[PDB]
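Engineer: So I've got this file, final_22.cif, and it contains mmCIF, C-alpha atoms:
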```
data_protein
#
loop_
_atom_site.group_PDB
_atom_site.id
_atom_site.type_symbol
_atom_site.label_atom_id
_atom_site.label_comp_id
_atom_site.auth_asym_id
_atom_site.auth_seq_id
_atom_site.Cartn_x
_atom_site.Cartn_y
_atom_site.Cartn_z
ATOM 1 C CA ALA A 1 28.464 15.825 -32.218
ATOM 2 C CA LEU A 2 24.924 15.864 -30.839
ATOM 3 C CA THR A 3 21.878 14.070 -32.222
ATOM 4 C CA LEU A 4 18.725 16.141 -32.531
ATOM 5 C CA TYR A 5 15.640 13.983 -32.789
ATOM 6 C CA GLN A 6 12.870 15.980 -34.432
ATOM 7 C CA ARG A 7 9.883 15.661 -36.737
ATOM 8 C CA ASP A 8 9.040 17.566 -39.914
ATOM 9 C CA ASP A 9 6.796 20.630 -39.752
ATOM 10 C CA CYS A 10 7.205 21.509 -36.065
ATOM 11 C CA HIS A 11 7.776 24.975 -34.621
ATOM 12 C CA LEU A 12 9.221 23.497 -31.408
ATOM 13 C CA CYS A 13 11.812 21.601 -33.432
ATOM 14 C CA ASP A 14 12.758 24.727 -35.369
ATOM 15 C CA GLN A 15 13.245 26.459 -32.025
ATOM 16 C CA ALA A 16 15.572 23.691 -30.835
ATOM 17 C CA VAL A 17 17.659 24.323 -33.935
ATOM 18 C CA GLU A 18 17.990 27.992 -32.931
ATOM 19 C CA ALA A 19 18.818 27.022 -29.346
ATOM 20 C CA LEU A 20 21.716 24.953 -30.696
ATOM 21 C CA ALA A 21 23.006 28.004 -32.564
ATOM 22 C CA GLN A 22 22.585 30.456 -29.694
ATOM 23 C CA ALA A 23 24.064 28.152 -27.054
ATOM 24 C CA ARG A 24 26.831 27.608 -29.604
ATOM 25 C CA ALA A 25 26.506 23.870 -29.171
ATOM 26 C CA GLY A 26 29.024 22.197 -31.436
ATOM 27 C CA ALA A 27 28.201 19.996 -34.389
ATOM 28 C CA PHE A 28 24.878 18.195 -34.393
ATOM 29 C CA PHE A 29 22.988 15.947 -36.794
ATOM 30 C CA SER A 30 19.230 15.699 -37.168
ATOM 31 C CA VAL A 31 17.360 12.407 -37.173
ATOM 32 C CA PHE A 32 13.732 12.724 -38.272
ATOM 33 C CA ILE A 33 11.395 10.267 -36.552
ATOM 34 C CA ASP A 34 8.533 10.695 -39.022
ATOM 35 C CA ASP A 35 9.024 7.474 -40.978
ATOM 36 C CA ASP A 36 10.412 5.293 -38.192
ATOM 37 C CA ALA A 37 7.838 3.543 -36.019
ATOM 38 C CA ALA A 38 10.438 2.816 -33.335
ATOM 39 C CA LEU A 39 11.629 6.432 -33.145
ATOM 40 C CA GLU A 40 8.031 7.631 -33.293
ATOM 41 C CA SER A 41 7.026 5.606 -30.238
ATOM 42 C CA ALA A 42 10.176 6.563 -28.338
ATOM 43 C CA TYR A 43 10.226 10.299 -29.146
ATOM 44 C CA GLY A 44 6.815 11.026 -30.705
ATOM 45 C CA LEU A 45 5.534 12.950 -27.671
ATOM 46 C CA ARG A 46 8.904 14.443 -26.665
ATOM 47 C CA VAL A 47 10.517 15.944 -29.793
ATOM 48 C CA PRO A 48 12.616 17.978 -30.038
ATOM 49 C CA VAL A 49 15.037 15.883 -27.976
ATOM 50 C CA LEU A 50 18.824 16.264 -27.837
ATOM 51 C CA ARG A 51 21.078 13.266 -27.209
ATOM 52 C CA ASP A 52 24.843 13.365 -26.684
ATOM 53 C CA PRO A 53 27.521 10.704 -27.323
ATOM 54 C CA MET A 54 27.243 9.527 -23.705
ATOM 55 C CA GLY A 55 23.582 8.786 -24.266
ATOM 56 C CA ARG A 56 22.300 11.617 -22.070
ATOM 57 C CA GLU A 57 19.130 13.279 -23.296
ATOM 58 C CA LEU A 58 17.569 16.728 -22.936
ATOM 59 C CA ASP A 59 13.853 17.023 -23.712
ATOM 60 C CA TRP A 60 12.077 20.149 -24.925
ATOM 61 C CA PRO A 61 11.589 22.792 -23.659
ATOM 62 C CA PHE A 62 15.091 24.208 -23.380
ATOM 63 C CA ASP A 63 16.458 27.698 -23.976
ATOM 64 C CA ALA A 64 20.066 28.709 -24.690
ATOM 65 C CA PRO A 65 21.142 28.792 -21.038
ATOM 66 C CA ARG A 66 19.605 25.406 -20.191
ATOM 67 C CA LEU A 67 21.150 23.853 -23.270
ATOM 68 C CA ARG A 68 24.595 25.360 -22.698
ATOM 69 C CA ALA A 69 24.430 24.265 -19.050
ATOM 70 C CA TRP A 70 23.356 20.738 -19.990
ATOM 71 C CA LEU A 71 26.327 20.478 -22.341
ATOM 72 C CA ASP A 72 28.768 21.802 -19.735
ATOM 73 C CA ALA A 73 27.351 19.421 -17.142
ATOM 74 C CA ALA A 74 28.690 16.424 -19.086
ATOM 75 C CA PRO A 75 29.580 13.720 -18.444
#
```
What does the file become when written as C-alpha cells?
Structural biologist:
Amino acid sequence: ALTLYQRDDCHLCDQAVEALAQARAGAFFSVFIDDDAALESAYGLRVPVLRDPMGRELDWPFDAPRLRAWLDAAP
C-alpha cells in the first residue's frame, strides 16, 4: 500500500486521489498533516506527496502516466 500525505481542503490533494484511481495504483492510505507539526514542516509546502513502502516519494504535480511510471520504476 502507498501513503498519501495530504491536507484538508486542497484541490491539488483531491487531484492526487484521482491520479491514484486512474493510474490504478493499488491500495493507499491517507495521512493528513493538518494537526501534526512534524508532518506540516516536512510536507506543508509539498502536499500532495506519495510515499511507497521502500520510502521513495513522489511530489505533486503528477498525472496518471507519471504516477504509473513511478510505481513501475520501483524499487
Engineer: Identify which of the residues A:21, A:12, A:1, A:54 lies closest to residue 67 in chain A, counting only C-alpha atoms when measuring atom-to-atom distances.
Structural biologist: A:21
Engineer: When you count all atoms listed in the file, which of these residues is closest to residue 6 in chain A: A:39, A:28, A:34, A:48?
Structural biologist: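 Checking each candidate against residue 6 in chain A, we get A:48 as the closest.
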Engineer: Using the chain letters and numbers from the file, which residues does the PyMOL selection byres ((chain A and resi 9) around 12) grab, as a VMD selection string?
Structural biologist: chain A and resid 6 to 8 10 to 15 32 to 34 47 to 48
Engineer: Could you write those residues out with C-alpha atoms, as an mmCIF file, in the frame of the given file?
Structural biologist:
```cif
data_model
loop_
_atom_site.group_PDB
_atom_site.id
_atom_site.type_symbol
_atom_site.label_atom_id
_atom_site.label_comp_id
_atom_site.auth_asym_id
_atom_site.auth_seq_id
_atom_site.Cartn_x
_atom_site.Cartn_y
_atom_site.Cartn_z
ATOM 1 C CA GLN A 6 12.870 15.980 -34.432
ATOM 2 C CA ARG A 7 9.883 15.661 -36.737
ATOM 3 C CA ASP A 8 9.040 17.566 -39.914
ATOM 4 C CA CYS A 10 7.205 21.509 -36.065
ATOM 5 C CA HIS A 11 7.776 24.975 -34.621
ATOM 6 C CA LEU A 12 9.221 23.497 -31.408
ATOM 7 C CA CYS A 13 11.812 21.601 -33.432
ATOM 8 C CA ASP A 14 12.758 24.727 -35.369
ATOM 9 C CA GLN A 15 13.245 26.459 -32.025
ATOM 10 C CA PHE A 32 13.732 12.724 -38.272
ATOM 11 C CA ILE A 33 11.395 10.267 -36.552
ATOM 12 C CA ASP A 34 8.533 10.695 -39.022
ATOM 13 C CA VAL A 47 10.517 15.944 -29.793
ATOM 14 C CA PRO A 48 12.616 17.978 -30.038
#
```
Engineer: Using only C-alpha atoms, determine which residues lie at most 7 Å from residue 64 in chain A, disregarding the query and same-chain residues fewer than 5 positions distant; provide the list as a ChimeraX atom specification.
Structural biologist: /A:19,22-23
Engineer: Would you work out the distance separating CA of residue 43 in chain A from CA of residue 57 in chain A, expressed in Å to one decimal?
Structural biologist: 11.1 Å
Engineer: Which residues are close to residue 69 in chain A, i.e. within 12 Å by only C-alpha atoms, leaving aside same-chain residues fewer than 5 positions away? Reply as a VMD selection string.
Structural biologist: chain A and resid 20 23 to 25 58 62 to 64 74 to 75
Engineer: Do you have the CA of residue 66 in chain A-CA of residue 36 in chain A distance handy?
Structural biologist: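 Going from CA of residue 66 in chain A over to CA of residue 36 in chain A, I get 28.5 Å.
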Engineer: Mind checking which residues fall within 7 Å of residue 51 in chain A, counting only C-alpha atoms, ignoring those fewer than 4 positions away in the same chain, and posting them as a VMD selection string?
Structural biologist: chain A and resid 2 to 4 55 to 58
Engineer: Just to confirm, what's the straight-line distance from CA of residue 26 in chain A to CA of residue 46 in chain A in Å (one decimal)?
Structural biologist: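 Pair CA of residue 26 in chain A / CA of residue 46 in chain A returns 22.1 Å.
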Engineer: Once 4 Å is added on each side, what centre and edge lengths in Å to one decimal does the axis-aligned box around all listed atoms of range 27-46 of chain A have, as AutoDock Vina command-line options?
Structural biologist:
```
--center_x 16.9 --center_y 11.4 --center_z -33.8 --size_x 30.7 --size_y 25.2 --size_z 22.3
```
